[PDB]
$ cat input_9.txt   # compact mmCIF, C-alpha atoms
# COMPACT_ATOMS: atom_id res chain seq x y z
CA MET L 1 -6.15 -30.31 -13.42
CA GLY L 2 -4.08 -31.80 -10.49
CA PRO L 3 -3.97 -31.79 -6.61
CA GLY L 4 -2.54 -28.20 -6.43
CA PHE L 5 -5.50 -26.88 -8.48
CA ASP L 6 -7.78 -29.02 -6.23
CA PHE L 7 -6.51 -27.30 -3.02
CA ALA L 8 -6.65 -23.83 -4.69
CA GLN L 9 -10.28 -24.41 -5.88
CA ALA L 10 -11.36 -25.58 -2.40
CA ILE L 11 -10.04 -22.28 -0.92
CA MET L 12 -11.57 -20.12 -3.70
CA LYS L 13 -15.06 -21.74 -3.50
CA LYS L 14 -15.50 -21.17 0.30
CA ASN L 15 -12.92 -18.55 1.51
CA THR L 16 -13.06 -15.67 -1.07
CA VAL L 17 -15.31 -12.67 -1.72
CA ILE L 18 -15.06 -9.86 -4.30
CA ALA L 19 -14.02 -6.67 -2.46
CA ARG L 20 -14.50 -3.23 -4.07
CA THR L 21 -12.89 -0.02 -2.72
CA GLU L 22 -12.43 3.40 -4.46
CA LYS L 23 -9.09 1.95 -5.73
CA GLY L 24 -10.68 -1.05 -7.58
CA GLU L 25 -12.01 -4.63 -7.37
CA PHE L 26 -9.80 -7.18 -5.47
CA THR L 27 -9.84 -10.87 -4.65
CA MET L 28 -10.26 -10.94 -0.80
CA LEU L 29 -9.33 -14.01 1.31
CA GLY L 30 -11.55 -14.71 4.33
CA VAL L 31 -9.47 -16.39 7.09
CA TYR L 32 -11.91 -17.00 10.03
CA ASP L 33 -15.06 -15.48 11.64
CA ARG L 34 -15.62 -12.08 9.81
CA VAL L 35 -11.80 -11.46 9.37
CA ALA L 36 -10.35 -11.16 5.86
CA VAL L 37 -7.17 -9.80 4.17
CA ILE L 38 -6.56 -7.47 1.21
CA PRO L 39 -3.47 -5.64 -0.11
CA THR L 40 -2.88 -2.37 1.80
CA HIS L 41 -2.87 -0.40 -1.54
CA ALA L 42 -6.66 -1.18 -1.74
CA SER L 43 -6.99 1.75 0.79
CA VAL L 44 -9.88 0.22 2.81
CA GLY L 45 -12.11 2.88 4.44
CA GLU L 46 -15.15 2.83 6.79
CA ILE L 47 -17.37 1.21 4.05
CA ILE L 48 -16.41 -1.50 1.50
CA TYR L 49 -18.48 -3.48 -1.09
CA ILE L 50 -18.41 -7.29 -0.55
CA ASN L 51 -19.97 -9.23 -3.53
CA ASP L 52 -21.65 -5.87 -4.47
CA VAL L 53 -23.24 -5.38 -0.98
CA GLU L 54 -22.47 -2.21 1.06
CA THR L 55 -20.64 -3.46 4.21
CA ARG L 56 -19.38 -1.51 7.29
CA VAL L 57 -15.75 -2.04 8.19
CA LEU L 58 -15.58 -2.80 11.96
CA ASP L 59 -11.71 -2.62 12.01
CA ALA L 60 -8.85 -2.36 9.47
CA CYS L 61 -5.15 -2.71 10.37
CA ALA L 62 -2.31 -2.17 7.86
CA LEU L 63 0.41 -4.57 9.15
CA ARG L 64 4.07 -3.53 9.56
CA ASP L 65 6.97 -5.63 10.89
CA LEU L 66 8.87 -4.85 14.08
CA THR L 67 11.42 -2.89 11.88
CA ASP L 68 8.31 -0.59 11.25
CA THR L 69 8.51 -1.71 7.57
CA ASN L 70 5.35 -2.09 5.38
CA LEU L 71 4.11 -5.75 4.92
CA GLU L 72 1.33 -4.71 2.39
CA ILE L 73 -1.32 -6.84 4.22
CA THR L 74 -4.44 -5.13 5.67
CA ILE L 75 -6.53 -7.27 8.06
CA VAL L 76 -10.21 -6.27 7.79
CA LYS L 77 -13.07 -7.23 10.13
CA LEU L 78 -16.37 -7.01 8.16
CA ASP L 79 -19.86 -6.25 9.54
CA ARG L 80 -21.10 -9.33 7.62
CA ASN L 81 -23.98 -11.67 8.66
CA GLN L 82 -21.97 -14.85 7.86
CA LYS L 83 -18.60 -16.31 9.10
CA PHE L 84 -15.84 -17.75 6.90
CA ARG L 85 -14.74 -21.35 7.22
CA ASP L 86 -11.74 -21.21 9.58
CA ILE L 87 -8.59 -21.87 7.44
CA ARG L 88 -5.92 -20.67 9.96
CA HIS L 89 -4.57 -24.27 10.19
CA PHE L 90 -3.47 -23.97 6.50
CA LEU L 91 -1.26 -20.88 7.25
CA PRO L 92 2.54 -21.32 7.53
CA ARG L 93 4.13 -20.57 10.90
CA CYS L 94 7.48 -19.31 9.44
CA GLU L 95 9.00 -17.52 6.43
CA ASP L 96 9.84 -20.15 3.76
CA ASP L 97 10.42 -21.02 0.07
CA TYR L 98 7.89 -23.29 -1.74
CA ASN L 99 7.59 -25.59 -4.76
CA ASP L 100 4.75 -25.73 -7.32
CA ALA L 101 2.37 -22.92 -6.15
CA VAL L 102 -0.92 -21.74 -7.72
CA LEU L 103 -2.14 -18.13 -7.88
CA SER L 104 -6.00 -17.98 -7.91
CA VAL L 105 -8.11 -14.84 -8.71
CA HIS L 106 -11.87 -14.25 -8.74
CA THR L 107 -13.19 -10.82 -9.86
CA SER L 108 -15.59 -9.38 -12.51
CA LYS L 109 -12.50 -9.00 -14.85
CA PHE L 110 -11.00 -12.50 -14.12
CA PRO L 111 -13.59 -15.06 -12.80
CA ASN L 112 -12.42 -18.62 -11.88
CA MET L 113 -8.77 -17.83 -12.82
CA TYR L 114 -5.97 -20.25 -11.73
CA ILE L 115 -2.24 -19.88 -12.67
CA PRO L 116 0.48 -22.48 -11.98
CA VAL L 117 3.40 -20.14 -11.03
CA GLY L 118 6.00 -22.81 -10.15
CA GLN L 119 8.79 -22.21 -7.63
CA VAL L 120 8.23 -19.46 -4.98
CA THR L 121 11.38 -17.69 -3.53
CA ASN L 122 11.53 -16.09 -0.06
CA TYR L 123 12.65 -12.81 -1.73
CA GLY L 124 12.46 -10.66 1.43
CA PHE L 125 12.95 -6.95 0.70
CA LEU L 126 11.14 -5.25 -2.26
CA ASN L 127 10.77 -1.57 -3.15
CA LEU L 128 7.08 -1.99 -4.01
CA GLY L 129 5.76 1.03 -5.92
CA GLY L 130 8.38 3.16 -4.08
CA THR L 131 7.44 1.70 -0.61
CA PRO L 132 10.07 -0.49 1.19
CA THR L 133 8.24 -3.79 1.87
CA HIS L 134 9.35 -6.94 3.76
CA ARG L 135 8.36 -10.67 3.69
CA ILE L 136 7.90 -10.74 -0.12
CA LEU L 137 7.51 -14.06 -2.01
CA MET L 138 8.50 -14.01 -5.72
CA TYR L 139 7.41 -16.25 -8.65
CA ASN L 140 8.57 -16.07 -12.30
CA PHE L 141 5.18 -15.43 -13.96
CA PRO L 142 4.18 -12.22 -15.83
CA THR L 143 1.24 -11.20 -13.59
CA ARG L 144 -0.95 -8.24 -14.72
CA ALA L 145 -3.26 -5.56 -13.24
CA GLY L 146 -6.42 -7.21 -11.82
CA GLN L 147 -4.52 -10.04 -9.98
CA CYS L 148 -3.88 -8.10 -6.69
CA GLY L 149 -5.34 -9.95 -3.70
CA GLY L 150 -5.02 -13.26 -5.61
CA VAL L 151 -4.44 -16.21 -3.27
CA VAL L 152 -1.13 -18.11 -3.45
CA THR L 153 -1.39 -21.78 -2.33
CA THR L 154 0.55 -25.00 -2.32
CA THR L 155 -1.01 -28.41 -1.57
CA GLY L 156 -1.86 -28.06 2.07
CA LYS L 157 -0.95 -24.35 2.57
CA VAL L 158 -2.28 -20.81 1.96
CA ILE L 159 1.03 -18.91 1.75
CA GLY L 160 0.41 -15.32 0.52
CA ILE L 161 -1.67 -12.76 -1.39
CA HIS L 162 -0.51 -11.19 -4.69
CA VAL L 163 0.51 -7.48 -4.26
CA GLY L 164 2.50 -6.57 -7.43
CA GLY L 165 4.74 -7.39 -10.37
CA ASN L 166 7.44 -5.98 -12.69
CA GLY L 167 6.23 -7.48 -16.04
CA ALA L 168 8.43 -10.68 -15.75
CA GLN L 169 8.03 -11.52 -11.98
CA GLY L 170 5.06 -11.55 -9.57
CA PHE L 171 5.23 -10.72 -5.86
CA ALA L 172 3.08 -11.83 -2.90
CA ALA L 173 2.94 -10.70 0.77
CA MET L 174 3.44 -13.67 3.14
CA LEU L 175 0.54 -14.88 5.28
CA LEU L 176 1.72 -16.18 8.69
CA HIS L 177 -0.35 -17.98 11.37
CA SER L 178 0.82 -15.36 13.94
CA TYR L 179 -1.09 -12.54 12.13
CA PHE L 180 -4.49 -14.21 13.04
CA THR L 181 -4.18 -15.28 16.73

$ encode --input "input_9.txt" --output "structure tokens"
Amino acid sequence: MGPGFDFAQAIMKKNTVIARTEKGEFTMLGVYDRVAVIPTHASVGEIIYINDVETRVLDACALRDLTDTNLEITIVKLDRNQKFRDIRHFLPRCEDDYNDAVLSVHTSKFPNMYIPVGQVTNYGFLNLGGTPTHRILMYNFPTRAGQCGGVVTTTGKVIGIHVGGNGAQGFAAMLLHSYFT
């Protein structure tokens, strides 16, 4: 409907796949080559389904900060026959607050879903499902089950992936350029 939705759509149409684990179906953001991200609660194993095709996992790393605190991002390298468009130049270099973000989801349950979430706070610490988690972004939108792995964008930047909510607020794990060197 506007330039924010334009940027979000451009990312969704080229840089997402539907990932299925034993814990559910998730929006999955491809970043470059065969490297993608997913929330760590997806519990990626040795095999994952990508757009309903059985795919070997070549590597999976659940990221933690240098305080040894959960970040809720898993970086996955996929044994896929096709590379993602390289979008690492859209990743922020530092922790930050944002205006006028969009959360975009594409699954069987919610195809072609876009949500204008407004202001995004650098929230920092969150007890996420009982797990201390750092680098959390917050937005004041009542997100629901099915939106985990959703991509959070502003015009020009891919800033996070949705990892939870409390009924009134939604929470995303930051994406930083330094995770994908």

$ residues_around --input "input_9.txt" --residues "segment 60-62 of chain L" --least-positions-apart "2" --cutoff "9 Å" --atoms "all atoms listed in the file" --output "ChimeraX atom specification"
/L:39-40,44-46,57-58,64,70-78

$ closest_residue --input "input_9.txt" --among "L:174, L:29, L:158, L:50" --to "residue 13 of chain L" --atoms "only C-alpha atoms"
L:29

$ atom_distance --input "input_9.txt" --atom1 "atom CA of residue 172 of chain L" --atom2 "atom CA of residue 83 of chain L"
25.2 Å

$ atom_distance --input "input_9.txt" --atom1 "atom CA of residue 155 of chain L" --atom2 "atom CA of residue 93 of chain L"
15.6 Å

$ atom_distance --input "input_9.txt" --atom1 "atom CA of residue 36 of chain L" --atom2 "atom CA of residue 14 of chain L"
12.6 Å

$ closest_residue --input "input_9.txt" --among "L:47, L:1, L:91, L:42" --to "residue 178 of chain L" --atoms "all atoms listed in the file"
L:91

$ residues_near_point --input "input_9.txt" --point "(1.4, -7.0, -2.6)" --cutoff "9 Å" --atoms "all atoms listed in the file" --output "list in words"
residues 38, 39, 40, 41, 71, 72, 73, 128, 133, 136, 148, 149, 160, 161, 162, 163, 164, 165, 171, 172 and 173 of chain L

$ write_last_selection --input "input_9.txt" --atoms "C-alpha atoms" --output "tab-separated table (two decimals), keeping the file's coordinate frame"
chain	number	residue	atom	x	y	z
L	38	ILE	CA	-6.56	-7.47	1.21
L	39	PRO	CA	-3.47	-5.64	-0.11
L	40	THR	CA	-2.88	-2.37	1.80
L	41	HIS	CA	-2.87	-0.40	-1.54
L	71	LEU	CA	4.11	-5.75	4.92
L	72	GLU	CA	1.33	-4.71	2.39
L	73	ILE	CA	-1.32	-6.84	4.22
L	128	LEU	CA	7.08	-1.99	-4.01
L	133	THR	CA	8.24	-3.79	1.87
L	136	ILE	CA	7.90	-10.74	-0.12
L	148	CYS	CA	-3.88	-8.10	-6.69
L	149	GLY	CA	-5.34	-9.95	-3.70
L	160	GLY	CA	0.41	-15.32	0.52
L	161	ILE	CA	-1.67	-12.76	-1.39
L	162	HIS	CA	-0.51	-11.19	-4.69
L	163	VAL	CA	0.51	-7.48	-4.26
L	164	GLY	CA	2.50	-6.57	-7.43
L	165	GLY	CA	4.74	-7.39	-10.37
L	171	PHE	CA	5.23	-10.72	-5.86
L	172	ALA	CA	3.08	-11.83	-2.90
L	173	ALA	CA	2.94	-10.70	0.77

$ residues_around --input "input_9.txt" --residues "residue 157 of chain L" --least-positions-apart "5" --cutoff "10 Å" --atoms "only C-alpha atoms" --output "PDB file with C-alpha atoms, in the coordinates of the input"
ATOM      1  CA  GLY L   4      -2.540 -28.200  -6.430  1.00  0.00           C
ATOM      2  CA  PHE L   7      -6.510 -27.300  -3.020  1.00  0.00           C
ATOM      3  CA  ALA L   8      -6.650 -23.830  -4.690  1.00  0.00           C
ATOM      4  CA  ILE L  11     -10.040 -22.280  -0.920  1.00  0.00           C
ATOM      5  CA  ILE L  87      -8.590 -21.870   7.440  1.00  0.00           C
ATOM      6  CA  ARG L  88      -5.920 -20.670   9.960  1.00  0.00           C
ATOM      7  CA  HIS L  89      -4.570 -24.270  10.190  1.00  0.00           C
ATOM      8  CA  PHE L  90      -3.470 -23.970   6.500  1.00  0.00           C
ATOM      9  CA  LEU L  91      -1.260 -20.880   7.250  1.00  0.00           C
ATOM     10  CA  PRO L  92       2.540 -21.320   7.530  1.00  0.00           C
ATOM     11  CA  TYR L  98       7.890 -23.290  -1.740  1.00  0.00           C
ATOM     12  CA  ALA L 101       2.370 -22.920  -6.150  1.00  0.00           C
ATOM     13  CA  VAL L 152      -1.130 -18.110  -3.450  1.00  0.00           C
ATOM     14  CA  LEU L 175       0.540 -14.880   5.280  1.00  0.00           C
TER      15      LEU L 175
END

$ closest_residue --input "input_9.txt" --among "L:125, L:94, L:22, L:31" --to "residue 176 of chain L" --atoms "all atoms listed in the file"
L:94

$ closest_residue --input "input_9.txt" --among "L:137, L:151, L:145, L:48" --to "residue 115 of chain L" --atoms "all atoms listed in the file"
L:151

$ closest_residue --input "input_9.txt" --among "L:68, L:97, L:33, L:25" --to "residue 51 of chain L" --atoms "only C-alpha atoms"
L:25

$ residues_around --input "input_9.txt" --residues "residue 109 of chain L" --least-positions-apart "4" --cutoff "12 Å" --atoms "only C-alpha atoms" --output "PDB file with C-alpha atoms, keeping the file's coordinate frame"
ATOM      1  CA  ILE L  18     -15.060  -9.860  -4.300  1.00  0.00           C
ATOM      2  CA  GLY L  24     -10.680  -1.050  -7.580  1.00  0.00           C
ATOM      3  CA  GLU L  25     -12.010  -4.630  -7.370  1.00  0.00           C
ATOM      4  CA  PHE L  26      -9.800  -7.180  -5.470  1.00  0.00           C
ATOM      5  CA  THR L  27      -9.840 -10.870  -4.650  1.00  0.00           C
ATOM      6  CA  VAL L 105      -8.110 -14.840  -8.710  1.00  0.00           C
ATOM      7  CA  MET L 113      -8.770 -17.830 -12.820  1.00  0.00           C
ATOM      8  CA  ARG L 144      -0.950  -8.240 -14.720  1.00  0.00           C
ATOM      9  CA  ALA L 145      -3.260  -5.560 -13.240  1.00  0.00           C
ATOM     10  CA  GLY L 146      -6.420  -7.210 -11.820  1.00  0.00           C
ATOM     11  CA  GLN L 147      -4.520 -10.040  -9.980  1.00  0.00           C
ATOM     12  CA  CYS L 148      -3.880  -8.100  -6.690  1.00  0.00           C
TER      13      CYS L 148
END

$ closest_residue --input "input_9.txt" --among "L:168, L:138, L:112, L:66" --to "residue 10 of chain L" --atoms "only C-alpha atoms"
L:112

$ residues_near_point --input "input_9.txt" --point "(-16.0, -16.0, 9.2)" --cutoff "7 Å" --atoms "all atoms listed in the file" --output "PyMOL selection string"
chain L and resi 30-35+82-86

$ decode --input "input_9.txt" --residues "segment 87-101 of chain L" --atoms "N, CA and C atoms" --output "JSON list (two decimals), in the first residue's frame"
[["chain", "number", "residue", "atom", "x", "y", "z"],
["L", 87, "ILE", "N", 21.24, -10.50, 0.42],
["L", 87, "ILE", "CA", 20.60, -9.32, 1.05],
["L", 87, "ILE", "C", 21.39, -8.85, 2.26],
["L", 88, "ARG", "N", 22.65, -9.25, 2.44],
["L", 88, "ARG", "CA", 23.41, -8.85, 3.66],
["L", 88, "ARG", "C", 23.61, -7.34, 3.72],
["L", 89, "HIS", "N", 23.59, -6.65, 2.58],
["L", 89, "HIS", "CA", 23.74, -5.16, 2.60],
["L", 89, "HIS", "C", 22.51, -4.44, 3.13],
["L", 90, "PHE", "N", 21.40, -5.16, 3.37],
["L", 90, "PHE", "CA", 20.19, -4.57, 4.00],
["L", 90, "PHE", "C", 20.19, -4.79, 5.53],
["L", 91, "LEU", "N", 21.19, -5.49, 6.08],
["L", 91, "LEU", "CA", 21.21, -5.80, 7.53],
["L", 91, "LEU", "C", 21.83, -4.62, 8.27],
["L", 92, "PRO", "N", 21.27, -4.23, 9.43],
["L", 92, "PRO", "CA", 21.89, -3.22, 10.29],
["L", 92, "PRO", "C", 23.22, -3.70, 10.83],
["L", 93, "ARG", "N", 24.14, -2.76, 11.04],
["L", 93, "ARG", "CA", 25.42, -3.07, 11.68],
["L", 93, "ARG", "C", 25.30, -3.02, 13.22],
["L", 94, "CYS", "N", 24.40, -2.22, 13.77],
["L", 94, "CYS", "CA", 24.34, -2.04, 15.25],
["L", 94, "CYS", "C", 22.92, -2.22, 15.78],
["L", 95, "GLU", "N", 22.82, -2.38, 17.10],
["L", 95, "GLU", "CA", 21.54, -2.43, 17.81],
["L", 95, "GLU", "C", 20.92, -1.05, 17.64],
["L", 96, "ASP", "N", 19.62, -0.97, 17.41],
["L", 96, "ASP", "CA", 18.94, 0.32, 17.18],
["L", 96, "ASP", "C", 17.44, 0.23, 17.42],
["L", 97, "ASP", "N", 16.79, 1.39, 17.53],
["L", 97, "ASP", "CA", 15.32, 1.56, 17.49],
["L", 97, "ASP", "C", 14.95, 1.98, 16.07],
["L", 98, "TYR", "N", 13.70, 1.75, 15.66],
["L", 98, "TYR", "CA", 13.22, 1.99, 14.28],
["L", 98, "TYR", "C", 11.84, 2.65, 14.31],
["L", 99, "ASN", "N", 11.56, 3.42, 13.26],
["L", 99, "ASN", "CA", 10.15, 3.83, 12.97],
["L", 99, "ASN", "C", 9.52, 2.97, 11.86],
["L", 100, "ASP", "N", 8.21, 2.77, 11.97],
["L", 100, "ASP", "CA", 7.30, 2.41, 10.86],
["L", 100, "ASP", "C", 7.82, 1.12, 10.21],
["L", 101, "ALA", "N", 7.82, 0.03, 10.98],
["L", 101, "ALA", "CA", 8.25, -1.32, 10.50],
["L", 101, "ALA", "C", 7.03, -2.11, 10.01]]
